[PDB]
Each structure stands twice: as C-alpha cells, then as structure tokens.
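For reference, the chain that follows is the form deposited without Taurocyamine (3S5), supplied as structure tokens.
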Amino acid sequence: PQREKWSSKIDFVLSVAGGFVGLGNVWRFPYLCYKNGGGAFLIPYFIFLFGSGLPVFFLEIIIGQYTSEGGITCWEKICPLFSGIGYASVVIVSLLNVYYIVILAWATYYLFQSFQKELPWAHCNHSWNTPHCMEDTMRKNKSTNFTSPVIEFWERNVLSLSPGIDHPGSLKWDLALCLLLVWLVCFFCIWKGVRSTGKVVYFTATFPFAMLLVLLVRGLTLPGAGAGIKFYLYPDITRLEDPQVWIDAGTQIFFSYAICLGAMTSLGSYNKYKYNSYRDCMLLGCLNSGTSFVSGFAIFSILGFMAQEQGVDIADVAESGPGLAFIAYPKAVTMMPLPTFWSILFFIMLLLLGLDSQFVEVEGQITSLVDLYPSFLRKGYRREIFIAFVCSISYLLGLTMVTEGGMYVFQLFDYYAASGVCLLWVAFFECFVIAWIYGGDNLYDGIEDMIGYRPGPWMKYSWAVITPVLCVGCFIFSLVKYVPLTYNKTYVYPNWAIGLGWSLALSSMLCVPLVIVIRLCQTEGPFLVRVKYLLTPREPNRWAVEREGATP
C-alpha cells in the first residue's frame, strides 16, 4: 500500500510537540546548564540553536515530507551512498530508548513514594538517612559533610548509590518493577492505539505546561531566587574556553530537538506534500527552546533558595549530573501548601512529558525498522511479536542501569550513547550530504514547491557552513583538550568504562563508513563510476498522487 497521512494538520503538531518537548527540556537542560557553570552554557546553547537546531530539525521534517519515507529509506531515496545515516540514527534512537525510560522509572518511583501523609524526602529521620543528614532550615542554625535530606533520598534509597561502576551491587527490584511498569505502558500504547490520545489532547498537552507555570511562580517568589537567576543568566567568559560546554550545549540542542534519530523524519513523512511545515516547525521550535529557557528560571530559582538556606555555593548545593531535577523540584513541592498533592501532580506531569516522547521515539524506530522488511513485518501477528521483542530486549539492557551501580552506567549512556560526538557525527553528515552532495539550492526547489514559497537563505548557509563548522570544530576541539567523563565532579571513570562508553558512540558512528563499504562492494564497475552512481538520488519525490515537480 502507501504510507498513511495525518488525519489533520493539528494531529501533526501535537504528535511532534509531544515528541520533542519532555525530559530533554525539564530534566537534561537544567543539569547540563548547572554542570557547565551557570550562564556560560547559554551562549553555546543559543548559538547552536539558531545555527543548527532549527535548521537541522526543519531539514529532517522536510526530508520526511519530500520522500514520504521513514528514518532509513528517506536517505536511500535522497542518496544511495551515505545511507548509513539512517542506520546510525536507528542505533542512536535504540540506545536512547534504552536509557531514557530509566528517567520515567525514577519518576514513577517518586510518584509511588508520594502517596503518603508526609513526603519521604521532607525530613531525614528514616532508615536510609545517614547520621550526617540534617534539615535545610536548621542548617544555618547549626565542615562540608552535612548532606540534606533531599540528596540522601535520591542517592541513599532511590538509587542506593554504589561506590563505583565496577561495583554494580544488587539489582533494585523496586526500580525494576517501576521500569517494567512504564515499559508495559509504552508497549500497550504502541501496539494498540498508536495515536490514541486524541480524546484528551486538551489535558495531556496543556497540563504539563500548566504545572510548569505553577513551579515557576513558586520558584521566583522564593527568597533566594535572586542569586539563582544571576547564576543562571550572567555568563562566565573563562568557561567558554573549555570545549566541554560547547559539546554539552551543542548536543543538548540536538538531544532536545530529537534530530539525528529518524523520529522527526518519520513524523515529517506522515503529513501532506502540500502542507506548509516551515512555519509550524518555527512555532514548534519556539515552544521547545522557550520551555527549556523558561523552566530553567524555575529550577535555578530553587537552587538559589537552597543555597541561601544552606549557606553554601549555588554550584555546590545539588548534584552536578542527572538527578538535579529530582533534587530541586521535589524540594520545591515541599514549600508548597499541600506538598503531597502537588508532588503527585509534578511527577504525573513529569511522566506525561516523557511518556509522550517515548511513544514517538519507540514508534520512530519501529516504523523505521519495519520499512526494511515491509512484508515480513507490518502484517498480522508478526508486528505483535517484533514490537515486544524490541521492548523486552531494550528493557533487559535497562536493568543494568537499575542496580546499585546503575547510575554510573546511566551517565555513560547519557554522555555517549545518544549525545555528544555521536550526534555531532550524524548531524554533520546530514547537512553535508544535503548541502554539498544533494545541493542546498537543489532542495529549495522541492521546498518551494512544497510549502508554496522559497524561504530565506538562513537554512541554506546553516546546512552548508554553520552546522559543519560547529560540528567539526567542536568534534576536533573536544579531542584536543580531552577531559574524561566524571560523575558529580568527583567520581573518575575507569579506563574500560570510558572504552565501553566510546563503544556506544562508535556503535552508531561507524554505521556511516560501513554502509559506504557495503554499498561500494555491492555496486559493480570501476570505482569512480561506482561512486557516481551511488550519489544520484533515486527520485525522492516519487508521489504523483500529490501534485509535484521533477526532483532535478
């Protein structure tokens, strides 16, 4: 048959809006900004945003709309060579689906722990609390070994933090069941009712932002909000010399915008050919970076309040890693009237933000993979088995991040698997093929015939120069001034862990050069003609059903 289109223009936006607005906004951005000093994170953040994040995102959407194909076959239509971008995106999204559901596992654990008379992380008098812990209020009344009850609950119970990655400890069975419960939710929403949230689009979309306004209002009114915003906004120039801030902020754009995954291309392939997706992406792009920036005020206002209460530096008040959103926001809900009621709403909001995203990415790779075998899959019970196998295998690998030493594996996956040099590798090759091989001006003829008008030269230069320079320059300068990954600024990773971590990056990076080798080997003839035949697009806009022109 043919790839079914969206039922309406509104269906495309809500699916895309919930597909890349989520834990990448309210969870990953706050601690990446917190890790890389304060406001020095924002200059690379906005530079990468307006240089490549919007351009590459629109490029993927427009490629999907042009080819009417998924993550992988879109590149096959665009360019038979460099078709390994699809497989690299599939590997990246596979690892992302492996490690991104652990955040929802932790969120479910907090949601379950929240159904009590008193929130467990308000006061530290429980079994897991070390004798060093004491309350934030009486911290000033009472060196540098006095931990707060909030960090204790996250480390010494929820995580049961192990001394290192090479001490995995014992699997946390409570978190494994929470990990299975969210995976069962995704499976039961992917197999039946691929897009079944249409009845409650009003609540399932507006509430996550409605809660974000509530947290923002509470955060700004706190006594210590002044120092937090100055920490969040005012940049430190000396930190711009470290290449890590450019890598972190550079790939936080690519992470938050879900590009180089094949989900955007799949989402962009489900809309009409004669649909103006240029304007909607910019409005959708504004919603993402607006959410990350505005919610950044909320969490960083809490950090200033926490630092003021404890009388410690803002940079030393919480965890410089994943779990800042789990240390700041659960502290914010404590100061609210009826703390239990709001804490339930926050972690329900946190769940709805990521569940909608996980639905898109999991379906993105499933749709991308079934394109490889349209006959073997997408027919009867063979999709039932295949989707479960993807979810079951990806769940078992997620168990390694649930054990007591599971946090350290989480930082490895977070830094390497679906972020960092792997994203800079695919994003560079996405733009390099389009701008220099396919032709930036050559694609504009398709886009102008598609949205009805020719957009400005912003996209042309971003793919041609800005994105390759930003990707290549940051890739080179990261290795030149190499710094090993660390967890919470203290833990130094063992050599094999970094070697394992680089395998996660190289597992998808090596897809691009490999597929070139197979493509060259399969093609018969002289080497130059072999290459020349493999760069000719195979009629990407082969859809006479919708009015169109010739691709060349």
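All residue numbers refer to positions in the sequence shown, first residue = 1. Whichever C-alpha set is largest while still superposing within 1.5 Å between the two forms counts as the rigid core. Residues that one form lacks are left out of the comparison.
Omitted here: the form deposited with Taurocyamine (3S5) bound. The next part is about that form.
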- Query: Looking at the partner-bound form in the bound PDB entry, is residue 256 within 4.5 Å of Taurocyamine (3S5) by any heavy atom?
  - Reply: yes
- Message: Test of understanding: in the bound PDB entry, would residue 246 fall inside 4.5 Å of Taurocyamine (3S5) by heavy atoms?
- Response: no
- Should residue 96 be counted as a contact of Taurocyamine (3S5) in the bound PDB entry, where contact means heavy atoms within 4.5 Å? yes
- Item | residue 100, heavy atom within 4.5 angstroms of Taurocyamine (3S5) in the bound PDB entry | yes
- Message: Just to be sure I understand the contacts: of 357, 411, 148, 367, which is the one whose heavy atoms reach within 4.5 angstroms of Taurocyamine (3S5) in the bound PDB entry?
- Response: 357
- Item | Neighbours of Taurocyamine (3S5) in the bound PDB entry among 8-24 [non-hydrogen atom within 4.5 angstroms] | 19, 20, 21, 22, 23, 24
- Can you tell which of 244, 308, 197, 334 moves its Cα by 2 Å or more between this form and the one not shown, with the two forms laid on the rigid core? 197
- Large-shift segments between this form and the one not shown, meaning 3+ residue runs whose Cα move 2 Å or more when the rigid core is superposed: 196-199
